[PDB]
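Here is the structure we will look at.
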Amino acid sequence: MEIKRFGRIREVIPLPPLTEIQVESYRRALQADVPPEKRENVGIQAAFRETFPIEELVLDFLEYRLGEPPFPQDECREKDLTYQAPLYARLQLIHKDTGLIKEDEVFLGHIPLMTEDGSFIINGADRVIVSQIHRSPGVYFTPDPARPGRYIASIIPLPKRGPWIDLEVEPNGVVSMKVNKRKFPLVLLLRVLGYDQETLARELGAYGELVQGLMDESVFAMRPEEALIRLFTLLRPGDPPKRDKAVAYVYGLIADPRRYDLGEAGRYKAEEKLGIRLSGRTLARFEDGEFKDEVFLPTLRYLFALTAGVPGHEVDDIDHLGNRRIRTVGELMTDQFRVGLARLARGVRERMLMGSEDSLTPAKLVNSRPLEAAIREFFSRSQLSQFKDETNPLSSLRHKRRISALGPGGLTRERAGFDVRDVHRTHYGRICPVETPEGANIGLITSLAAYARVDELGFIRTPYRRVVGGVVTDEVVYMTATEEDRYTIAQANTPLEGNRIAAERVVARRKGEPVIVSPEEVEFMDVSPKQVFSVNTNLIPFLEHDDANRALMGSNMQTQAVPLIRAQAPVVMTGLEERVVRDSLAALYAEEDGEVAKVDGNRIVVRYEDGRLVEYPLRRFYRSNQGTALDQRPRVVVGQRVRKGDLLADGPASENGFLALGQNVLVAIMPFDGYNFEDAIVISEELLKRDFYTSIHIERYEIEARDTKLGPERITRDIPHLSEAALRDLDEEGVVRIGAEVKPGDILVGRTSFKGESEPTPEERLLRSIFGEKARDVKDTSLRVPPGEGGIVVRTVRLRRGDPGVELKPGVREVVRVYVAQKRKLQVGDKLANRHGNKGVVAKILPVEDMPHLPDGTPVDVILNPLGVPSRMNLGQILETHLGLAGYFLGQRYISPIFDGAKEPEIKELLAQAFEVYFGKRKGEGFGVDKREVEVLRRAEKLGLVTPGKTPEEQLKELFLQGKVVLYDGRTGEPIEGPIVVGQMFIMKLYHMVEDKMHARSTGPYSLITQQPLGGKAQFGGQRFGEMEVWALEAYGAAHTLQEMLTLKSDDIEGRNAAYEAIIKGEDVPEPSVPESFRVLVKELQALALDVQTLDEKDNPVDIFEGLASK
Amino acid sequence: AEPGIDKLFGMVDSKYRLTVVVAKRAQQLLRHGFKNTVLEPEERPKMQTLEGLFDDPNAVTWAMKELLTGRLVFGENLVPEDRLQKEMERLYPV
Amino acid sequence: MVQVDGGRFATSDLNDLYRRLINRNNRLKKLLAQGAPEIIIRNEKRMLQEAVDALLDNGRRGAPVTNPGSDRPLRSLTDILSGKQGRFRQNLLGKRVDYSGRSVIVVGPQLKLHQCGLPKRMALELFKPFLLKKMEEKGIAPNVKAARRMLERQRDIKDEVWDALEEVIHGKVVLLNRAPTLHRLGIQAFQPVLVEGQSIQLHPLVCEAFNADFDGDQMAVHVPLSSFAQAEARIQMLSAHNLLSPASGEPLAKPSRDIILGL
Amino acid sequence: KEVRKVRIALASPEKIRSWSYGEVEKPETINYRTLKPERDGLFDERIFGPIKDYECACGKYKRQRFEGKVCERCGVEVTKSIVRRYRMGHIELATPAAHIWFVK
Amino acid sequence: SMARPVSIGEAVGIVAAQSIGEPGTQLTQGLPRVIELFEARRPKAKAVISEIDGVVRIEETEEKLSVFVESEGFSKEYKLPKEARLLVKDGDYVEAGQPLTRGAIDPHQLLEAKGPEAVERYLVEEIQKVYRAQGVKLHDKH
Amino acid sequence: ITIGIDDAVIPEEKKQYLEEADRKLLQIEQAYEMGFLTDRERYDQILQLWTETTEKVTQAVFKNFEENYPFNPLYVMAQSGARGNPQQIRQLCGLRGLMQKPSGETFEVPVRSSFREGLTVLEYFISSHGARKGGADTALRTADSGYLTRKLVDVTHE
Amino acid sequence: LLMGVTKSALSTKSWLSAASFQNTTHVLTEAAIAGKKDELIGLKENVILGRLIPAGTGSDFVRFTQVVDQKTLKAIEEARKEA
DNA sequence: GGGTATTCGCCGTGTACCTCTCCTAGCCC
DNA sequence: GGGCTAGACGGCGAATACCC
RNA sequence: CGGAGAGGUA
Ligand SMILES: [Mg+2]
Ligand SMILES: [Zn+2]
């Protein structure tokens, strides 16, 4: 069909690679391919140069290299391995005394590798490292909260790379420095750093009134050595003030480039703010046995200047995006690697004293254990290493661009107030103001912008077009917020003639403040509105008509769409669907020009111009992490000529390269017999008839055979006391045959385990005697289908002990995995939603003849409630519906970009064009206007929707131009008393389906300690009767119901047993007893040497244990 | 709502007393196999199944209907419990 | 000391604390048996005091004792008693119960005010013992054991058991709940009506009391067993008898969006 | 009877020694190999009671005909296994120790 | 819930607590005011109240302010900030526990001055004011 | 009952009110630059003028609905009390109003567009502040409400 | 004396309610020293003990109501008159 | 000696449900 | 190869701090 | 069938 697109804003640059934030960062961190002689001092090389050389014999580092991965990616996914590469380092041990040089390449463990899309494979699972936002290191000046006219000067190094230094001007005049909750006069440290009274007097003399609080003769009397001793006594009380200890402590606290590490970004921020030049990344230096200042004097000067009110000195906002930075996967991995390397270094230092002091080879000195331990700890247990979310390609693409403020060295849920959750003025173009998790995590988790990129220092930059004079140039500049605050930035949609600004007065921003400006004062201009929002939000058409609170839910719900087997690209796109599919790497594109040689459901063989015959295998029916089925489908034919970049295979949830997460349905907006009450949704059975909204899901079960002291577990078709019907579908090896249908209760894998030695109860002895059957030495431990599940078996994976290439957990002989698939249709309970935040569960599925239908006989599919619009204020869906009606009658699709899209008059023109096709056709076949249409037209002209006096055709056209048509009721046949809005809407089927959530329990397992029923659907547990439910039951005054909820349906053991027996016998339930949890509480209180005694009305003891605990 | 719940609430001074009366009457009816009722054969609670009309197995409905009739006497300290139980089991064996 | 299904050992921290305490106590006994100098006995008694303190309340004084190779502080008796996860607020003022279920809710306009649509499978699972009794009464099964072995599998269910189930629930009620339960009307009693599908059908007018909408909400079903509980539910907790809010005294079961619009 | 009051009070060493069935004296918990409880450990069977209902540890008495009897070989009483949930032990400290609750 | 005399045995405390707590999530002073009222916390910007009866006499220094409650036998002086708004004009008789400055009243001082009934009435009215402003109908009974 | 994009009717008086407000703002700026009133008074009078214009345009919207479209779906939904309040109807048909900075201060320029006409990217970014503020407010209020309810329940349980 | 809801709840006489509420260690130590005896007056104590709460159908005002039909009452009256 | 004033340590901050992963390391017989 | 051993915020009450 | 961490729904 034809594709028509509106919009006049012409973008000068295309979107960057949407996943560059991960890929480029990791590639810079590893420096794998670059020759070792030219690697820059960043990442792994930086950690190596920092840790080495260690003195104590002096071990020196030369270079490193990365080996080849032992197994390909799919193989690791198969056998639960980690896709990693071996890291070798060429180290040489040098003997300082004699000169012994022992050089060799040592193996230092493995490093996980990043896939082509930007995710890792850890223990067979796909994982993602989320970038973290935090405060940039450097020097900051804040207003003193209590004392108004005073300021606090903070010096903050990299996280975990030093202590936070605080400087304050006390009321009595002395400048107090705070380190590790210890406050002391800064004058002592100033004296330690080699400063004299005259030096401070001449430097800070411009601001007298504080220098007098700075002058202290007692510290000026003693030399820096005694001052250092006193300082060490002040910091570490109780430690003997020996000179060497004080020197070492103060050095490691300030001058140590290994223990105290100011950031490169921190050094840059300091050089920019204080206007000085830093030779290194530490506050002071230990040179010639003394200490030399680098930072303290200029920052003290700046503080004393600011507190006096000199012009040019301003406080810093701690939420300004020039003061907050992003750590990418590279920096986090490098930090963990540095920690592991420091542990390895201290270990090596330990080995350099024990053992043979002469026979020492670097292979004997270094132990690879701490490095591997730290790296595996980071990749497995860290708070930022998250399970990948891959319900559909858009979901993973969004997850790769997520920004978290929590994690190590970050905020917690309790210490996050309103300030950190707000939207600062500098998020414009850098962080999406709309997309954020709803609930407790609101504002803490965010998403990168569209055009936003992260530089090498870690600040988020955004592009702007340069404007010189009145002409808008074409070269773009990427700027940060600190640099952005210095210019006047015009808007993107200003009128333009050629390259000249045509408007006399433009809307511009100055430091986030909106203002009206003359063109000559405009210095920069925006690139496009797209740069203000994330990737998810950029997919919602007609966003300028939706409230933020609802566009939020729309953006969030687009992630949870399920890939259908008949997906369709929407009728109203935003022009960004192709780029998302291309960058998600789901689809398969042609590398170069050529011709397709072979096309099959399994692979595609292409002949390029070079003559080489390339073969792309298609990932077919593969299970994602969330249980959805991802598969590729060939979209070409033998002999087809393809160019560079053409589509070859269509990925999951995509239709010819366009993102297709749902379907286009003909929806009418009206209330329908109360079935639309409060967000419910009525659908037609025609959707089910032609396999719409049909999705495929794959469930995976796993069973292990392990060695038991009573004998090994066996997988075998022979199971005691089972009829052949239960073993019909099993093969000889006890595994189900591929293709057999399994239902709840059926056996997937037969497994027998040796019967634990137990004495048969005399009742069971009597049964065995009367039946004459011997009890088998083995019992049934076969894996069965849980209740509510089932489907078709598609794959069986088997890994034994003694088979080559695989390794298991100690004690496990073999492991078997079974994959089960099922086609899930739409039904009462599933969740539907559109892109503008309207969501609801399917409440009724009507026959085709009951649905309202257009006069030409076509029935609508979905019915929405109009009462959802006025309180939600999301008018985008109404415009999308109008445009969809126009398209459905014209047979085309539209592309309306965000904030520069189809306005109302164009939609009216399109609707007139569509009405021509819709009406002249009927006119030609020999039909006028219906009687019911005439009645509806009369009732409408009584409402003021049409103009009186015109012919019925003109009034019908006037109604159509507003998106309203005459509908007939499928039940009665009479028309609805008024015109109704009807059009095509794009609706996606969400992932929360009722089939996965329905659950019930009569009786089942119980806990060990508390003897209460278990929890969760997995363990067949029961619901929780919480505290508030007890409050409600008390408020009703229902005493016996509550007593039963607490004892009979709970941890009262003999009570519930007698209750079950009496119920199956037909009598009423018995009277309960004391719950077991109270006995547990009493015994726990006795465990604390506290005697708890239950008494009667006469204060006599009452035994609730029935003499079981009384000697 | 329940049939005649208003007249039921009118009969007692506290709704909880009505609840207790109904529960105890239902327990009595269950224990004595419905052959100790005060209703008449034509006004017994009926239940429509696939076959036809039968006796409703729910004792609470029987108790509420009986209470609506008015042939029941309820209160405090009408008779010692053991004597009541003995006379009830003697008049209607199990 | 539980051997997990995977064959590994999971040990309560109480075991570790007791082991440490008994170790230090035996060490002190052995040292007293030999008569070491006063300093050794002194530091040993200090360690014993600290071990007893850690057993009774870990972390109350000094650094919390933790496992080697971990930062997680051990869980002493005091930490078991108190707290939101402690014994009191977790296992005494609230419990998990049998004969319960949970599902998604869907509007049903055809139900009366005192009815609720219940799926057939949830009803067959909740009312299982009464169903076994009824099946034993009629000729559906010889005894309760055969009835259970008949019901255990889904492909073995015939149609007579559905009539039996319809006979069982005649007149009984179930409690519907939705979390969070803010006021006493968050739990209400309804008569069940067996319907197809897997969702719970709810009456429209009671939607305001529960503060429930149909954008994916879930509800929990509980079943009262005895005649006392049945009377308490049918008389005081039935939805048709609670029309006025106890807070203000104004009606709660009142017309809403569609109804008010039409009228 | 009927529970009407709940009194709580301090526990003298006499009442503590009266609660216990024996002294724990070895830090072992269970044999890692056989999975049987270690002798005199935190999980001993002679102190806290049997593991299986009506069955001694050594396997001499295994029926309800013997209840309250103590097997001479293993030293275990033959009752219901539920007693393993109620019976308490006691450790005899070499020197007194202060209860932290009444100190901090 | 039934528009009739309450039945003996009803759990009234739980019903009152729920009826007060449920509309809490709709209060945009609001919820912090309700919380500080139910906890009887001394307010931050607290008003000043006359402990004794008498006639008001303002004394205004260009840098200081004071109020004198003058009876026939007794006299009391209260020092106030310069910007503190006044609710009493000179030459007026004010009751014990009457607010002089605009602001919230400390409940403990009101209890020491005017007695229990005044504190109870004031607390009831002040707690009801929030739910009134938020358009929530709630009976004073709870 | 249905909802079309033409069911949100823009009144004619909106243009006249906006022009009057613009000329009033110009007068205020001219009077400010002459040193008659300081910055605080100028800010306050601007806020006052914009609030008066907002209430006027709300009154105009509702009078137009009442007079010329007594059966308009939005007007019926508001009058019958089924859904919506006057403020949301104003935001749909009138003007969005004034939005406040994260610090609490109100912006000088208001959002003169409505959802029926469509916003501009700048005004949308402006309103996102209040949106996020309200969201965080609710998310942090729920827990305090729960704690208060529990304290009350436990103090009066007997 | 006037005190907030927190202190008023913690200063109650029943130590089970205060122990379940907050500051468990403090309340438990004070009650253990004082040798307190909980009388089970409130609702939380009876909920903990798993007993019948003294409200609604569990209240002592209506818990002891008897039900008997006319025939059985008449028979009992005749049996008592002949005793 | 007493009558405040600060501060320092402890306790506390919603309910219900679903999915997944992960639960010590080193050395020596 | 397994076994053994080693970047809140409030309130509340006691303890000084300090001033007269 | 015990605890931590993460994400999500209402
Ligand atoms: Mg909802
Ligand atoms: Zn034995």
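Chains: A, B, ... in order of the structure tokens. Residues: from 1 per chain. Ligands: from 1, in order shown.
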**Request:** For region 576-582 of chain A, work out the shell of residues within 9 Å, counting only C-alpha atoms (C1' of nucleotides) and skipping chain neighbours fewer than 4 positions away, then give it as a list in words.
**Result:**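 The neighbour list is residues 15, 18, 393, 394, 397, 535, 538, 539, 569, 586, 587, 588, 589, 651, 654, 656, 657, 658, 659, 660 and 897 of chain A.
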How would the residues just picked look written out with C-alpha atoms as a JSON list (two decimals), in the first residue's frame?
[["chain", "number", "residue", "atom", "x", "y", "z"],
["A", 15, "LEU", "CA", 20.13, 8.88, 14.69],
["A", 18, "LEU", "CA", 21.17, 3.10, 19.34],
["A", 393, "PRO", "CA", 13.33, -6.55, 20.23],
["A", 394, "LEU", "CA", 12.16, -3.12, 21.40],
["A", 397, "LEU", "CA", 16.79, -2.22, 22.91],
["A", 535, "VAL", "CA", 13.26, 5.72, 21.79],
["A", 538, "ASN", "CA", 9.35, 8.50, 19.96],
["A", 539, "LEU", "CA", 6.99, 5.76, 18.71],
["A", 569, "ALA", "CA", 2.86, -2.58, 11.19],
["A", 586, "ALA", "CA", 16.66, -9.07, 15.11],
["A", 587, "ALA", "CA", 16.31, -8.99, 11.32],
["A", 588, "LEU", "CA", 18.87, -10.19, 8.78],
["A", 589, "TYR", "CA", 20.09, -7.74, 6.15],
["A", 651, "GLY", "CA", 12.83, -10.86, 12.63],
["A", 654, "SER", "CA", 8.37, -7.19, 12.37],
["A", 656, "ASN", "CA", 8.93, -6.01, 6.11],
["A", 657, "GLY", "CA", 11.42, -4.25, 8.36],
["A", 658, "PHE", "CA", 8.82, -2.20, 10.26],
["A", 659, "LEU", "CA", 8.25, -2.80, 13.96],
["A", 660, "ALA", "CA", 4.99, -4.74, 14.33],
["A", 897, "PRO", "CA", 6.51, 12.63, 13.17]]
**Request:** Report as a PyMOL selection string which protein, DNA and RNA residues come within 8 Å of ligand 1, using only C-alpha atoms (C1' of nucleotides) and all ligand atoms.
**Result:** (chain C and resi 212-217) or (chain J and resi 10)
Can I get the selected residues back with N, CA, C and O atoms (P, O5', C5', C4', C3', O3' and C1' of nucleotides), as a PDB file, in the first residue's frame?
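Dumped everything to again_36.pdb:
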ATOM      1  N   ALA C 212     -11.708  -1.101  42.817  1.00  0.00           N
ATOM      2  CA  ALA C 212     -11.145  -1.944  41.776  1.00  0.00           C
ATOM      3  C   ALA C 212     -11.593  -1.474  40.401  1.00  0.00           C
ATOM      4  O   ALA C 212     -12.755  -1.113  40.200  1.00  0.00           O
ATOM      5  N   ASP C 213     -10.658  -1.484  39.457  1.00  0.00           N
ATOM      6  CA  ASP C 213     -10.964  -1.249  38.057  1.00  0.00           C
ATOM      7  C   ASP C 213     -10.542  -2.486  37.278  1.00  0.00           C
ATOM      8  O   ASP C 213      -9.934  -3.409  37.824  1.00  0.00           O
ATOM      9  N   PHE C 214     -10.872  -2.506  35.989  1.00  0.00           N
ATOM     10  CA  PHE C 214     -10.627  -3.672  35.153  1.00  0.00           C
ATOM     11  C   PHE C 214      -9.448  -3.481  34.210  1.00  0.00           C
ATOM     12  O   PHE C 214      -9.501  -3.931  33.062  1.00  0.00           O
ATOM     13  N   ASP C 215      -8.390  -2.821  34.670  1.00  0.00           N
ATOM     14  CA  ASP C 215      -7.159  -2.702  33.903  1.00  0.00           C
ATOM     15  C   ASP C 215      -6.153  -3.793  34.238  1.00  0.00           C
ATOM     16  O   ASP C 215      -4.951  -3.585  34.051  1.00  0.00           O
ATOM     17  N   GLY C 216      -6.611  -4.939  34.731  1.00  0.00           N
ATOM     18  CA  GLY C 216      -5.735  -6.031  35.089  1.00  0.00           C
ATOM     19  C   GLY C 216      -5.682  -6.370  36.563  1.00  0.00           C
ATOM     20  O   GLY C 216      -4.751  -7.065  36.983  1.00  0.00           O
ATOM     21  N   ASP C 217      -6.640  -5.900  37.360  1.00  0.00           N
ATOM     22  CA  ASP C 217      -6.626  -6.175  38.789  1.00  0.00           C
ATOM     23  C   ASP C 217      -6.823  -7.662  39.051  1.00  0.00           C
ATOM     24  O   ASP C 217      -7.379  -8.393  38.228  1.00  0.00           O
TER      25      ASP C 217
ATOM     26  P     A J  10      -0.473  -1.861  36.063  1.00  0.00           P
ATOM     27  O5'   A J  10      -1.470  -2.011  37.294  1.00  0.00           O
ATOM     28  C5'   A J  10      -2.628  -2.821  37.187  1.00  0.00           C
ATOM     29  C4'   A J  10      -3.209  -3.152  38.537  1.00  0.00           C
ATOM     30  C3'   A J  10      -3.475  -1.981  39.466  1.00  0.00           C
ATOM     31  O3'   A J  10      -4.664  -1.281  39.148  1.00  0.00           O
ATOM     32  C1'   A J  10      -2.428  -3.724  40.669  1.00  0.00           C
TER      33        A J  10
END
**Asked** Excluding same-chain residues fewer than 4 positions from residue 17 (chain I), what lies within 10 Å of it counting only C-alpha atoms (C1' of nucleotides), as a count of residues only?
**Response** 3
**Message:** If we count only C-alpha atoms (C1' of nucleotides) and set the cut-off at 12 Å, which residues sit around residue 9 (chain J), ignoring sequence neighbours fewer than 5 positions away in its own chain? Please answer as a ChimeraX atom specification.
**Reply:** /A:437-439,557,560,831,990-993,997 /C:104,215-218 /H:16-19
**Message:** How would you report the residues lying within 7 Å of ligand 2, as a PyMOL selection string, if you count only C-alpha atoms (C1' of nucleotides) and all ligand atoms?
**Reply:** chain D and resi 56-61+71-76
**Prompt:** How many Å lie between CA of residue 187 (chain A) and CA of residue 248 (chain A), rounded to one decimal?
**Reply:** 20.5 Å
Return as a Markdown table the residues of chain H lying at most 12 Å from chain A, together with the closest atom-to-atom pair for each and the distance in Å to one decimal, counting only C-alpha atoms (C1' of nucleotides), with rows in chain order and ascending residue number.
| residue | atom | partner | partner_atom | distance |
| --- | --- | --- | --- | --- |
| H:12 | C1' | A:414 | CA | 11.5 |
| H:13 | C1' | A:414 | CA | 7.9 |
| H:14 | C1' | A:1028 | CA | 10.5 |
| H:15 | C1' | A:1028 | CA | 8.0 |
| H:16 | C1' | A:1024 | CA | 8.0 |
| H:17 | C1' | A:1016 | CA | 8.3 |
| H:18 | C1' | A:997 | CA | 8.0 |
| H:19 | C1' | A:626 | CA | 7.9 |
| H:20 | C1' | A:387 | CA | 7.0 |
| H:21 | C1' | A:387 | CA | 8.0 |
| H:22 | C1' | A:381 | CA | 6.9 |
| H:23 | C1' | A:381 | CA | 9.9 |
| H:24 | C1' | A:373 | CA | 11.5 |
| H:25 | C1' | A:369 | CA | 9.6 |
| H:26 | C1' | A:369 | CA | 10.2 |
Residues of the last selection are to be written out with N, CA and C atoms (P, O5', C5', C4', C3', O3' and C1' of nucleotides), as a tab-separated table (two decimals), in the first residue's frame.
chain	number	residue	atom	x	y	z
H	12	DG	P	11.84	-0.93	65.46
H	12	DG	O5'	11.20	-0.13	64.24
H	12	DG	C5'	10.06	0.66	64.46
H	12	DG	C4'	9.81	1.62	63.32
H	12	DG	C3'	10.37	1.21	61.97
H	12	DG	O3'	9.54	0.19	61.34
H	12	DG	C1'	10.73	3.52	62.34
H	13	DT	P	8.04	0.46	60.84
H	13	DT	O5'	8.19	1.40	59.56
H	13	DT	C5'	7.08	2.18	59.12
H	13	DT	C4'	7.48	3.15	58.03
H	13	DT	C3'	7.96	2.50	56.75
H	13	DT	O3'	6.86	2.16	55.93
H	13	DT	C1'	9.32	4.39	57.34
H	14	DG	P	6.95	0.91	54.93
H	14	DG	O5'	5.44	0.65	54.50
H	14	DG	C5'	4.43	0.53	55.49
H	14	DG	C4'	3.16	-0.06	54.90
H	14	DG	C3'	3.35	-1.40	54.22
H	14	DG	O3'	3.15	-2.45	55.15
H	14	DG	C1'	2.17	0.08	52.78
H	15	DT	P	3.61	-3.94	54.81
H	15	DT	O5'	2.43	-4.51	53.90
H	15	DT	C5'	1.11	-4.56	54.41
H	15	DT	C4'	0.12	-4.92	53.32
H	15	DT	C3'	0.50	-6.12	52.48
H	15	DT	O3'	0.13	-7.32	53.14
H	15	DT	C1'	-0.28	-4.37	51.09
H	16	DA	P	0.99	-8.65	52.90
H	16	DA	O5'	0.55	-9.13	51.44
H	16	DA	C5'	-0.79	-9.54	51.21
H	16	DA	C4'	-1.09	-9.60	49.73
H	16	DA	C3'	-0.12	-10.40	48.89
H	16	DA	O3'	-0.39	-11.79	49.02
H	16	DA	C1'	-0.76	-8.41	47.76
H	17	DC	P	0.79	-12.86	48.77
H	17	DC	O5'	1.00	-12.85	47.19
H	17	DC	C5'	-0.01	-13.36	46.34
H	17	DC	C4'	0.18	-12.90	44.91
H	17	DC	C3'	1.41	-13.46	44.21
H	17	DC	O3'	1.13	-14.75	43.70
H	17	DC	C1'	1.14	-11.13	43.73
H	18	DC	P	2.33	-15.77	43.40
H	18	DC	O5'	3.00	-15.21	42.06
H	18	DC	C5'	2.31	-15.31	40.82
H	18	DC	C4'	3.12	-14.69	39.70
H	18	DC	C3'	4.52	-15.24	39.53
H	18	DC	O3'	4.50	-16.40	38.71
H	18	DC	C1'	4.52	-12.85	39.39
H	19	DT	P	5.69	-17.46	38.78
H	19	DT	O5'	6.92	-16.73	38.06
H	19	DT	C5'	6.88	-16.49	36.66
H	19	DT	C4'	8.14	-15.78	36.20
H	19	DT	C3'	9.44	-16.43	36.65
H	19	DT	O3'	9.83	-17.42	35.71
H	19	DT	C1'	9.53	-14.06	36.98
H	20	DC	P	10.82	-18.61	36.15
H	20	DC	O5'	12.24	-17.89	36.29
H	20	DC	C5'	12.85	-17.29	35.16
H	20	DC	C4'	14.03	-16.43	35.58
H	20	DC	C3'	15.09	-17.17	36.38
H	20	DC	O3'	16.06	-17.71	35.49
H	20	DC	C1'	14.64	-14.98	37.29
H	21	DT	P	17.02	-18.90	35.97
H	21	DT	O5'	18.16	-18.14	36.80
H	21	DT	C5'	18.91	-17.10	36.20
H	21	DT	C4'	19.74	-16.37	37.24
H	21	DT	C3'	20.70	-17.25	38.02
H	21	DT	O3'	22.03	-16.82	37.82
H	21	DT	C1'	19.45	-15.83	39.48
H	22	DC	P	23.25	-17.85	38.04
H	22	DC	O5'	23.55	-17.74	39.61
H	22	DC	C5'	23.92	-16.49	40.16
H	22	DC	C4'	23.87	-16.53	41.68
H	22	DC	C3'	24.33	-17.83	42.30
H	22	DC	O3'	25.74	-17.79	42.52
H	22	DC	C1'	22.45	-16.83	43.46
H	23	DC	P	26.47	-18.95	43.36
H	23	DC	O5'	26.34	-18.47	44.88
H	23	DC	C5'	26.32	-19.41	45.93
H	23	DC	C4'	25.80	-18.77	47.21
H	23	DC	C3'	25.64	-19.72	48.38
H	23	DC	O3'	26.84	-19.73	49.15
H	23	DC	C1'	23.65	-18.46	48.08
H	24	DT	P	27.80	-21.01	49.14
H	24	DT	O5'	29.26	-20.37	49.22
H	24	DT	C5'	29.49	-19.22	50.03
H	24	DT	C4'	30.93	-18.76	49.93
H	24	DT	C3'	31.79	-19.56	48.96
H	24	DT	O3'	32.82	-18.74	48.43
H	24	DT	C1'	32.60	-19.87	51.16
H	25	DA	P	33.62	-19.19	47.11
H	25	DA	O5'	35.13	-19.34	47.60
H	25	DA	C5'	35.84	-18.20	48.08
H	25	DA	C4'	37.16	-18.60	48.72
H	25	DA	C3'	38.04	-19.51	47.87
H	25	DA	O3'	39.41	-19.18	48.09
H	25	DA	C1'	37.49	-20.62	49.88
H	26	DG	P	40.53	-19.58	47.01
H	26	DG	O5'	41.64	-20.32	47.88
H	26	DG	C5'	42.17	-19.69	49.04
H	26	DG	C4'	42.81	-20.71	49.97
H	26	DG	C3'	43.69	-21.75	49.28
H	26	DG	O3'	44.81	-22.03	50.10
H	26	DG	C1'	41.99	-22.84	50.47
Give me, as a tab-separated table, the closest atom pair and its distance (Å, one decimal) for every residue of chain E within a cut-off of 7 Å of chain G, counting only C-alpha atoms, rows sorted by chain and rising number.
residue	atom	partner	partner_atom	distance
E:9	CA	G:56	CA	5.0
E:10	CA	G:56	CA	5.4
E:11	CA	G:55	CA	5.8
E:38	CA	G:4	CA	6.1
E:39	CA	G:4	CA	3.8
E:40	CA	G:4	CA	5.1
E:108	CA	G:2	CA	6.9
Selection to disk with C-alpha atoms, as a PDB file, in the first residue's frame:
ATOM      1  CA  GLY E   9     -20.613  -6.129  70.684  1.00  0.00           C
ATOM      2  CA  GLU E  10     -19.544  -4.268  67.541  1.00  0.00           C
ATOM      3  CA  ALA E  11     -15.807  -3.666  67.105  1.00  0.00           C
ATOM      4  CA  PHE E  38      -2.394  12.618  66.016  1.00  0.00           C
ATOM      5  CA  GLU E  39       1.081  12.430  67.591  1.00  0.00           C
ATOM      6  CA  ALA E  40       0.647  15.665  69.600  1.00  0.00           C
ATOM      7  CA  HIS E 108       0.357  20.668  75.651  1.00  0.00           C
TER       8      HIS E 108
END
**Prompt:** Could you write out as a VMD selection string the residues of chain B within 12 Å of chain A, counting only C-alpha atoms?
**Reply:** chain B and resid 14 to 17 19 to 20 23 to 24 26 to 33 57 59
